[PDB]
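In what follows, a structure is listed as structure tokens, so that the remarks can point back to it.
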Number of protein chains: 4
Amino acid sequence: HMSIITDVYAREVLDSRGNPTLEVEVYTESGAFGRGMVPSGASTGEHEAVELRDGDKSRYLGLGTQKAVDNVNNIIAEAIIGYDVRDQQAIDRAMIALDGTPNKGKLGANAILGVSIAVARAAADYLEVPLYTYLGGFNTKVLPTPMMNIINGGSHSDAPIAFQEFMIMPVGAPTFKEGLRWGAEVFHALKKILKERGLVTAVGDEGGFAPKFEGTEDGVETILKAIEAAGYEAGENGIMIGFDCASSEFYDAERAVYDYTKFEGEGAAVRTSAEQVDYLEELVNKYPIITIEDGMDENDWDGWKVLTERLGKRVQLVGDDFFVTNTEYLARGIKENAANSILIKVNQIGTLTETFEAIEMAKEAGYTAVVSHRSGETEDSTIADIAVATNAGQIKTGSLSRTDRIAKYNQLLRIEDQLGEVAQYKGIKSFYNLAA
Amino acid sequence: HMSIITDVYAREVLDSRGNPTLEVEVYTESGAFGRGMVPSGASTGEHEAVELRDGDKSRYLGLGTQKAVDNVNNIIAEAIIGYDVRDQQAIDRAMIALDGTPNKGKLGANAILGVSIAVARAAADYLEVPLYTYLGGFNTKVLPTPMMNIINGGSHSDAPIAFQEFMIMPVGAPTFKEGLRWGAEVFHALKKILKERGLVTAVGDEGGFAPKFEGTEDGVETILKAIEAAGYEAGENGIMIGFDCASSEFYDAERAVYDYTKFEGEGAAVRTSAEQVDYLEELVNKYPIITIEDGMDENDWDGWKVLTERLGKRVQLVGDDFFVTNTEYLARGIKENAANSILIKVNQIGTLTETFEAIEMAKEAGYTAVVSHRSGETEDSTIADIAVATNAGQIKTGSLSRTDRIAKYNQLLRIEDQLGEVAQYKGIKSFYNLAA
Amino acid sequence: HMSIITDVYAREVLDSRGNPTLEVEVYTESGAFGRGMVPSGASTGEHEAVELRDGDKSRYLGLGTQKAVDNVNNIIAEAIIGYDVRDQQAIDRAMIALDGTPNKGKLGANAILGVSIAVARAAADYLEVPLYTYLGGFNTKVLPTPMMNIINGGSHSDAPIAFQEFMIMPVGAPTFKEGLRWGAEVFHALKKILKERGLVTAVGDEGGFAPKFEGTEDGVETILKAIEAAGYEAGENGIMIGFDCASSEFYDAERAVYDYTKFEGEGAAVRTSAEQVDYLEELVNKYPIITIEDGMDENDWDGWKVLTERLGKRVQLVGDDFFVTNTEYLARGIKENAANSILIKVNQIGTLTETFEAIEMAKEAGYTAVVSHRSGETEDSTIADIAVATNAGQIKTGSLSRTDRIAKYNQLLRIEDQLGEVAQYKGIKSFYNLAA
Amino acid sequence: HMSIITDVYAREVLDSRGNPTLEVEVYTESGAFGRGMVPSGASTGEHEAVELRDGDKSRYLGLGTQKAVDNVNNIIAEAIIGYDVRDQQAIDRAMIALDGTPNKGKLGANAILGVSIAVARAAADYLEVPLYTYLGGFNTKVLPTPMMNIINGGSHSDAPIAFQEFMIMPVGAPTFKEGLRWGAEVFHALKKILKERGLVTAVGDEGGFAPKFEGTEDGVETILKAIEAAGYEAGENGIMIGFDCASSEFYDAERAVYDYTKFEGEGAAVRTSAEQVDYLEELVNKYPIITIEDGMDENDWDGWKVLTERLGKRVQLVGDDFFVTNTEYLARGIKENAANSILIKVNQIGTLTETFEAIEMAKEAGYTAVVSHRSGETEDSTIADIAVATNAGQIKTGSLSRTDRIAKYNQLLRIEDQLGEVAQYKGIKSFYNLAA
């Protein structure tokens, strides 16, 4: 009986930003093993799975996770011992039934996810195969195109800019190894230009800068200056820009209006939904933009319909906080024509079995699906293997600065060395949701 | 060095219908073993992958396969010995480069497919896992809806009926084991109705009847009397009908017209491409039709555009000889919006790697893909693994009579038993390309 | 304890013709395994072993086999676990004693046979030897001469012919690989001659044609036309004809006479037992015939004595429905001089232990023994290994058309490749029961 | 021959801050595996061990590491293949001889350190034991006291403060798990105090803040308000402060004076070496200071004698750029009585053998030794094993923010859990060089 799960064990550790999180470890009878640990983040009263936190105001200001360590050791390990390590779907279905709630309130999504990743790593170690081959079978080959954060704004800095972050994509590169170099050389050309102007070059929670720019037009024109000073083109032969909003944050839920005078001054505009579509069309007609994210409110389905009619032929319109990784809303989004892409976060839904079902339901509609980080990342690297295992073609893994971010880029350089001449980089041909 | 391929060896054997085919065996240094053998077919006048056959007029009327087994033993074997059995994509790309011709005509597509199936079955045996889990990774679980042929016509009979075969689908069934039972219990009621009328009940190459009916309306109304007599009901709540209209056999390109006087009597109607879409629309309004295959000629691109615009929300429009399992033609079909599904034949393309690439491209475009039999079949059951490894949701495998056909329905009964409570049968929900 | 039987398991599957049958499976403690599944057929009130069938008029018209799956899983498997996989004779003796009835009525012959074949395949896999070597020891080498069905009559077609089927035997061939080619080329010369005449070329349950021939004289003379048109000789240097009757079907049990006016018209003859022997002698003196089967009634022992005195020097007189694979009647047949050969069917008697005892009791009397198919065959191949394991020299495995038949011919081509220069084909010297 | 090294292989990858570094992998004949990758740095104008970098101005601004990975693959690999994986000291002495240059400048110290770490991690995996037990033998048990950076100054900020960084030590804590908690709970109270004052709270390369304070007294009094606000107390009964005075950045050797007007305003004082020891003495009397690093210039030997005479019983005087991890200079520092501690940097010297020799010499002289990070770090955690393998009792690993820093604090939480009741945390008892 060499493949049986012999025991399961959990402990409390720290994430980037320095708050408590779990680590879980699994062993088989032959002595093969796997470690899984969870990135941090939660919500309550929303349509999302719940973290369990201790609430002790005397330890870590209430953010401790001993209450979730007791569930793994006293309850989940008692039920899971004696299964075969390769029965992934029967194990995940057994935990979801053991909990017995829709929000995962009793066991918490942090306990259930940490186990689910540990079992997959033990099984790939036992068979002696790479984790992208265990997850995806023999037909895995496409290296994702990265979208790289460089400047922040909105609620994440004191600068007079409304949108939450700006990105670059190296869509013209020949291979992932040259595509990563082009992003590094542009980051080391932008740092000099902020230093010359006498602005702040200290980094935020994703490794991008947060300098006091005088407005969105100078925020974008300075990025076009860094791209040229590094020596590369802008447009579909070179590098392209993207945006990421949080249109939830300035939508007035009583006046039904986009009041920009929250993050910009009293001199800023106030816009109804048809005028917000006109403002995004003015930007897309002016700059080398290829993607926009959460440009409309979480509950304003009428805006999402009008926006997708106007721009959905030319640009990737991602929904994130609109769908919350949930198949009960991706179904209605496909039915009512509400977007042309989705953003996937494994800890919003809380198992590998429920994750891989949403990725394929998106693909069969023609929607591109993108895997992504949380704020409190760890030294774990699994989302780079999910991106190559599903041939998904795009990844959102943060800026070129901190090891909590650089650990994923260094993993994709190991995979592209293993695959040899089988590996493919699609560049601009990865946007299959546009003009097909 | 336990995983290494240590020899590969080939021999000549008979298929059903009693013509020469080919069989290959592969062994590793551990002593793990896999066998694969090729289904029989070629088509003359277009660039499918090409079989190699012997020249001598004497043996087997010139259908012998000695040159193909000489190529596996004398050319492919010395090249593939020394690879790891798990290098599927590097082995497939090595044979294609060794041959070096677009239609595979120098070594023959019968040699290259035989080797490619043997290696995949040696590797899944070496790891001790099912072939669907080896090909598909941890997330395989949907049992396909079957299309069951039950009547022939057209060129395959001396009856005056224009279309080549007629089918049933058990779309309303709870589970694959009940869907297979309903198919058998209708077939045993139709056989009784033909004996009462005094028509013949012997069977053709596909295991279905070919009786001398008066016309296509008497064919379809005879099927509805069998569905009523076995105890079920027609439409999406029970059983649905479908057609294979092999429409290239009765198009005339010197007058540019669909001429029924090739198979119908001298009173028969003659239809230009507008009158042909009007005819299929007239049938779909009168009977419970769900799928129409190949309804317009191979090169009638304007006909395919017009047909798909008229019918495409109601009915599945499968293309067969229109695309010939080729990504060069499936690209144009997507771009032009010419059809809403594809049918896959593994030996038209000639490797397992290129087969899984074509399924993925169709799926991203929002098409279904249907995996299928040939006429000359063997005791092999590999397509029942490919239909589950890709979660494709549909299969065409023939009527309920002969073990060239039944061996696939019996392999799906083993897979549905290994999966237990984790298996799914979608039924009418399998048509994700419809009902938008 | 590596060779112990660890567990036994059974499921319901379909046969050729599409009715339910069992499959049974066995594993040892080292993980060697074997699968066995049963061909269909039964009788009641006759001197033959009984199948168990569910009798549910609401499932498969009463032909279901769940009642026999419960016996394998709840009773037979409980008794057999913990035996050594190699104790075949002790295992078969234990099941026969556990049942406790002469007709095998309580457990059913389908449950008991399926187990018995599974254990033999597990044991040959554990030792790592071919199944003919496990069954027969080191002295196995003679490839059987095949008798191949081509035309059918009697109860099996509407044509005016009394005898149930006609056969060809390639007795002049140098090797089994040339002996199979000569049969294939004559089948593909006969198919053209039926199209030329405008007769039906659709196949029946054994892969032979059933066309409306005008009488037995044209049925045999057309076969002599196909043999010449393929280019070969008729007689002991080439190909020879055989017949198979069912003289049970037209023997009048009250008038004590063979009334041919059942299947032939009102103008046919009516013959008493000495006149039937005269009629068979007129056929044998006219055509190149070498074998006849069931030419007299099942109970007309006086007819069988007279017939064997008249013709038993020149022709092989097979008893089939006369002996019913039963040693209590083969004893009386040897005592009273009643035939010169026997037909063997493993599912009439119902174990491998009771099968191999009757084959040797026949051989020691100078009778030839022949192994054969049922109507509802499966993708199983075991009867080809029984034929080479007993050096029996003859096989009755059906026509050159369906995979339920071609699977046995393709297995004998694998055995003759394994045996190399040790293999022998006896041709006409295999009839040791004539002129010795 | 199971223990033998069978290949070694190297590749290029990014560090944190996003510059090129190097990674090495080693395999044995048993298939045991070890990976090691190098932290980034060099210093210009003195004989540390030397890195090798590429010449091309274009790629990565000339910081590429292709020549270093060519040397591992083409020169070191053919020499180290065939050794036993446990011959650590013979392997280390072979690379040093093969290079043959005092500063390691022909192969580069980046190549030689990568191979030396990979080999030690393959050997601890082959024996199946923890790395601290492999390096240290059976008597490893002391968890080190951490030095936690929390504010920057000097060259690393645009604030007018002279010293380069400020720290806290949790000297009064019961256990390492409480000592790590007190560090994080002060950091989250300082972050709130900076937001109230309106100063920036983005982070530098070491994960600590760099706010625009008025002067060094406002820095130290801001830290004391955080220690009071989190709930603890200052001095040996709770938390203590320490400095890194990078005093070589503001010494002038053409006037022979410590000139504060390099970083302080034009009103700043100018101090000769006697006035500089009087300044440090004035700080140590006013606040709870325990450690002073690098307080006099690299060549101010008379300053170091006078400083160590004045302060050496009260305070730890760490030397960093004074000794450069070199036994030729540490010998003179001992003999001439110049300082009372050393700080160890593994890539200043270039092997694990020479690193353990320098720790031993310091320990016998009655000095402490402190193991330390560089600025360009990686996901590796090896220094958390070297601090326990030598029972050293102190470590400098950075602030509580980024996983280039947190990955070491998380590894010491695993080690403290494996040891159980056998582990010790010394706290204020760790300063064995003081309180004589």
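Identifiers for the structure tokens are assigned positionally: chains receive A, B, ... in sequence, residues are indexed from 1 per chain, and ligands are indexed from 1 in the order shown.
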
Selection near range 233-239 of chain A, 9 Å with only C-alpha atoms, sequence-local residues under 2 positions removed, as an MDAnalysis selection string:
chainID A and resid 168:173 182:183 224 227:228 231 241 288:289 428

With chain D fixed, least-squares superpose chain A over all its C-alpha atoms paired in order and give the RMSD in Å.
0.4 Å

Can you list, as an MDAnalysis selection string, every protein, DNA or RNA residue that comes within 8 Å of range 116-118 of chain B when you count only C-alpha atoms, leaving out same-chain residues fewer than 6 positions away?
chainID B and resid 24:26 34:37 88 92 351:352

If we count only C-alpha atoms, which residues of chain B reach to within 8 Å of chain A? Please list them as a ChimeraX atom specification.
/B:88-90,127,133-139,334-335,353,356,363-367,422,432,436

Export, as a tab-separated table (two decimals), in the first residue's frame, the selected residues with N, CA, C and O atoms.
```
chain	number	residue	atom	x	y	z
B	88	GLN	N	6.46	11.91	-25.32
B	88	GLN	CA	5.45	11.79	-26.38
B	88	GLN	C	5.60	12.86	-27.47
B	88	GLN	O	5.73	12.52	-28.64
B	89	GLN	N	5.65	14.14	-27.09
B	89	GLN	CA	5.74	15.22	-28.07
B	89	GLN	C	7.08	15.29	-28.80
B	89	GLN	O	7.10	15.63	-29.98
B	90	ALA	N	8.20	14.95	-28.18
B	90	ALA	CA	9.48	14.90	-28.88
B	90	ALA	C	9.57	13.71	-29.85
B	90	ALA	O	10.13	13.86	-30.93
B	127	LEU	N	3.56	3.85	-15.61
B	127	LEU	CA	3.11	4.63	-14.45
B	127	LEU	C	1.99	3.95	-13.64
B	127	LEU	O	1.63	4.43	-12.57
B	133	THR	N	-6.70	9.23	-17.65
B	133	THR	CA	-5.96	10.02	-16.66
B	133	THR	C	-4.56	10.37	-17.14
B	133	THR	O	-4.12	11.49	-16.94
B	134	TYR	N	-3.84	9.48	-17.83
B	134	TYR	CA	-2.55	9.82	-18.42
B	134	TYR	C	-2.68	10.92	-19.49
B	134	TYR	O	-1.92	11.89	-19.48
B	135	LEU	N	-3.64	10.82	-20.41
B	135	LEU	CA	-3.82	11.80	-21.49
B	135	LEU	C	-4.43	13.13	-21.00
B	135	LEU	O	-4.14	14.17	-21.57
B	136	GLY	N	-5.30	13.09	-19.99
B	136	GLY	CA	-6.17	14.22	-19.59
B	136	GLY	C	-5.82	14.91	-18.27
B	136	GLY	O	-6.37	15.97	-18.02
B	137	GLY	N	-4.94	14.38	-17.43
B	137	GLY	CA	-4.65	14.92	-16.10
B	137	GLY	C	-5.79	14.70	-15.09
B	137	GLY	O	-6.76	14.02	-15.39
B	138	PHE	N	-5.69	15.25	-13.89
B	138	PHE	CA	-6.61	14.92	-12.78
B	138	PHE	C	-8.10	15.26	-12.99
B	138	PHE	O	-8.94	14.78	-12.22
B	139	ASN	N	-8.45	16.08	-13.98
B	139	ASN	CA	-9.79	16.68	-14.11
B	139	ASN	C	-10.67	16.07	-15.23
B	139	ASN	O	-11.41	16.77	-15.93
B	334	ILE	N	-13.84	29.40	-38.88
B	334	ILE	CA	-14.05	30.28	-37.72
B	334	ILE	C	-14.15	31.74	-38.18
B	334	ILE	O	-15.15	32.41	-37.91
B	335	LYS	N	-13.15	32.25	-38.92
B	335	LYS	CA	-13.08	33.64	-39.39
B	335	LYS	C	-14.29	34.07	-40.23
B	335	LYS	O	-14.82	35.16	-40.02
B	353	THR	N	-0.57	13.93	-30.88
B	353	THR	CA	-0.27	15.35	-30.62
B	353	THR	C	-1.12	16.29	-31.48
B	353	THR	O	-1.86	17.11	-30.94
B	356	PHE	N	-4.92	16.42	-30.49
B	356	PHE	CA	-5.27	17.20	-29.30
B	356	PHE	C	-5.15	18.71	-29.52
B	356	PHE	O	-5.89	19.49	-28.92
B	363	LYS	N	-12.56	24.20	-29.42
B	363	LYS	CA	-13.16	24.47	-28.11
B	363	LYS	C	-13.10	25.94	-27.73
B	363	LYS	O	-14.09	26.49	-27.27
B	364	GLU	N	-11.96	26.61	-27.97
B	364	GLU	CA	-11.77	28.05	-27.77
B	364	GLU	C	-12.66	28.92	-28.66
B	364	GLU	O	-13.10	29.99	-28.25
B	365	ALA	N	-12.95	28.49	-29.89
B	365	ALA	CA	-13.85	29.19	-30.80
B	365	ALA	C	-15.34	29.08	-30.41
B	365	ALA	O	-16.18	29.71	-31.04
B	366	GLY	N	-15.69	28.27	-29.41
B	366	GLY	CA	-17.08	27.98	-29.02
B	366	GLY	C	-17.75	26.88	-29.86
B	366	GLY	O	-18.96	26.71	-29.76
B	367	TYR	N	-17.02	26.12	-30.68
B	367	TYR	CA	-17.52	24.92	-31.35
B	367	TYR	C	-17.48	23.72	-30.40
B	367	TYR	O	-16.62	23.63	-29.53
B	422	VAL	N	-18.18	10.55	-8.73
B	422	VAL	CA	-17.50	11.68	-9.39
B	422	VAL	C	-17.88	11.87	-10.87
B	422	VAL	O	-17.71	12.96	-11.42
B	432	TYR	N	-23.35	23.18	-25.83
B	432	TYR	CA	-23.00	24.53	-25.37
B	432	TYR	C	-22.88	25.56	-26.51
B	432	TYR	O	-22.88	26.76	-26.26
B	436	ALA	N	-28.14	30.27	-27.21
B	436	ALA	CA	-27.52	31.51	-26.73
B	436	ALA	C	-28.53	32.63	-26.39
B	436	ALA	O	-28.53	33.10	-25.23
```

Assign secondary structure with DSSP using the backbone only, and return the residues of range 284-412 of chain A in alpha helix (DSSP H) as a PyMOL selection string.
chain A and resi 284+301-311+327-335+346-349+352-363+382-389+403-412

Using only C-alpha atoms, please write the residues we just selected to a file, as a PDB file, in the first residue's frame.
```
ATOM      1  CA  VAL A 284      -8.571  53.933 -26.004  1.00  0.00           C
ATOM      2  CA  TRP A 301     -25.135  45.372 -15.309  1.00  0.00           C
ATOM      3  CA  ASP A 302     -26.585  48.011 -17.711  1.00  0.00           C
ATOM      4  CA  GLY A 303     -23.178  49.766 -17.886  1.00  0.00           C
ATOM      5  CA  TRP A 304     -21.392  46.443 -18.604  1.00  0.00           C
ATOM      6  CA  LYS A 305     -23.812  45.689 -21.514  1.00  0.00           C
ATOM      7  CA  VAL A 306     -23.310  49.160 -23.129  1.00  0.00           C
ATOM      8  CA  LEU A 307     -19.506  49.127 -22.565  1.00  0.00           C
ATOM      9  CA  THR A 308     -19.118  45.636 -24.153  1.00  0.00           C
ATOM     10  CA  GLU A 309     -21.157  46.710 -27.252  1.00  0.00           C
ATOM     11  CA  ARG A 310     -18.954  49.859 -27.636  1.00  0.00           C
ATOM     12  CA  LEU A 311     -15.371  48.537 -27.065  1.00  0.00           C
ATOM     13  CA  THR A 327     -19.716  29.999 -11.774  1.00  0.00           C
ATOM     14  CA  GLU A 328     -23.244  31.126 -10.620  1.00  0.00           C
ATOM     15  CA  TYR A 329     -22.377  34.626 -12.015  1.00  0.00           C
ATOM     16  CA  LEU A 330     -20.102  33.618 -14.951  1.00  0.00           C
ATOM     17  CA  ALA A 331     -23.233  31.781 -16.280  1.00  0.00           C
ATOM     18  CA  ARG A 332     -25.318  35.033 -16.177  1.00  0.00           C
ATOM     19  CA  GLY A 333     -22.386  37.051 -17.610  1.00  0.00           C
ATOM     20  CA  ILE A 334     -22.271  34.684 -20.655  1.00  0.00           C
ATOM     21  CA  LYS A 335     -26.119  34.743 -20.968  1.00  0.00           C
ATOM     22  CA  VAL A 346      -7.825  30.139  -6.201  1.00  0.00           C
ATOM     23  CA  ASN A 347      -8.480  31.342  -2.593  1.00  0.00           C
ATOM     24  CA  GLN A 348     -11.814  33.059  -3.518  1.00  0.00           C
ATOM     25  CA  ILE A 349     -13.384  29.652  -4.425  1.00  0.00           C
ATOM     26  CA  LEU A 352      -8.273  22.917  -6.994  1.00  0.00           C
ATOM     27  CA  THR A 353     -11.345  20.841  -8.082  1.00  0.00           C
ATOM     28  CA  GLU A 354     -13.697  23.916  -8.088  1.00  0.00           C
ATOM     29  CA  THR A 355     -10.935  26.123  -9.676  1.00  0.00           C
ATOM     30  CA  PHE A 356     -10.352  23.990 -12.814  1.00  0.00           C
ATOM     31  CA  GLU A 357     -14.128  23.728 -13.550  1.00  0.00           C
ATOM     32  CA  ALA A 358     -14.458  27.588 -13.828  1.00  0.00           C
ATOM     33  CA  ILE A 359     -11.384  27.891 -16.143  1.00  0.00           C
ATOM     34  CA  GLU A 360     -12.903  25.471 -18.723  1.00  0.00           C
ATOM     35  CA  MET A 361     -16.458  26.954 -18.510  1.00  0.00           C
ATOM     36  CA  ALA A 362     -14.881  30.318 -19.448  1.00  0.00           C
ATOM     37  CA  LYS A 363     -12.856  28.843 -22.393  1.00  0.00           C
ATOM     38  CA  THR A 382       1.930  27.064  -7.632  1.00  0.00           C
ATOM     39  CA  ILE A 383       0.121  29.658  -9.854  1.00  0.00           C
ATOM     40  CA  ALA A 384       2.948  29.448 -12.449  1.00  0.00           C
ATOM     41  CA  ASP A 385       2.163  25.691 -12.869  1.00  0.00           C
ATOM     42  CA  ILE A 386      -1.649  26.286 -13.120  1.00  0.00           C
ATOM     43  CA  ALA A 387      -0.910  28.800 -15.962  1.00  0.00           C
ATOM     44  CA  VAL A 388       1.156  26.257 -18.037  1.00  0.00           C
ATOM     45  CA  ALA A 389      -1.088  23.246 -17.078  1.00  0.00           C
ATOM     46  CA  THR A 403      11.009  37.944  -4.073  1.00  0.00           C
ATOM     47  CA  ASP A 404       7.282  37.323  -3.302  1.00  0.00           C
ATOM     48  CA  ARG A 405       6.795  38.367  -7.005  1.00  0.00           C
ATOM     49  CA  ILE A 406      10.173  37.368  -8.628  1.00  0.00           C
ATOM     50  CA  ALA A 407       9.735  33.737  -7.351  1.00  0.00           C
ATOM     51  CA  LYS A 408       6.993  33.183 -10.042  1.00  0.00           C
ATOM     52  CA  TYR A 409       9.069  34.664 -12.903  1.00  0.00           C
ATOM     53  CA  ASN A 410      12.089  32.512 -11.919  1.00  0.00           C
ATOM     54  CA  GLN A 411       9.796  29.375 -12.004  1.00  0.00           C
ATOM     55  CA  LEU A 412       8.604  30.106 -15.593  1.00  0.00           C
TER      56      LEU A 412
END
```
